[PDB]
């Protein structure tokens, strides 16, 4: 894989790929991701951080926006407590091996120019579109607040992207990013990462849903979570165990089993794994055993540093 293919690997879309190729030619390029700070950092976060690390390996300067004001607007609590969750997230991201600059949103998002741009964009953005943009992001609320529609307009504020060539986020961000594509004065390449399925297979992985493996989970804990996880024989779609295998594991993968079940299996790619599992040659228990043990090893250094 050249740089472009490394970056493209395991993303859901790049907007646009011709734009990304132009960016890669530059000496200096920057990529941004924002996160509302989360009390637990989970594999969904890790997947994206891994992508920022790809970008870093591709010579991008990395910026992590600790989106405290956004989290505030999205009902995650008071700013001071959010910022301390932010500082913890920074430690986790550093433990994952990311080399980045960290910025707290509230550092600049209360500046007069930033605020003026919020209001200018507020004039340009329909309520309907703002609300549509937040469907996968907004905290559940029986009586949606004005804060909900301020959030996306802040996210499209041009002062977040000045000197940034690439923005990365989950596919949940795509409607907001489409807003930005249309409104931003200077185009920024969007790279969208896939959204992991929840361990119970019931919806998307999320902090509020308690359906994820946190990167600092004890090995006992990871094993129990994976043991209970949705993982029907033969089915790859919406199978979180297969997702973990696709997104986190290295190949060739050596799947240890009893000789009773075929004995050790060596698989040279995720697509190879996909065919075996789909053909019912690899049973969920062994796939889970392998995924849990490889995942524990993957996360070990991170859990260890957070010690």
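Positions refer to the first chain, counted from 1.
The PDB entry records a higher mean C-alpha B factor for 202-210 than for its counterpart among 138-146 and 202-210.
Residue 186: CA B factor lies in the highest third for its chain, per the PDB record.
The deposited CA B-factor of residue 37 belongs to the lowest third of values across its chain. Per-chain ranking of the deposited C-alpha B factor places residue 48 in the lowest third.
Among the modelled residues of its chain, residue 234 has a C-alpha B-factor that falls in the highest third according to the deposited record. Annotation for residue 220: CA B-factor lies in the lowest third of the chain's modelled residues.
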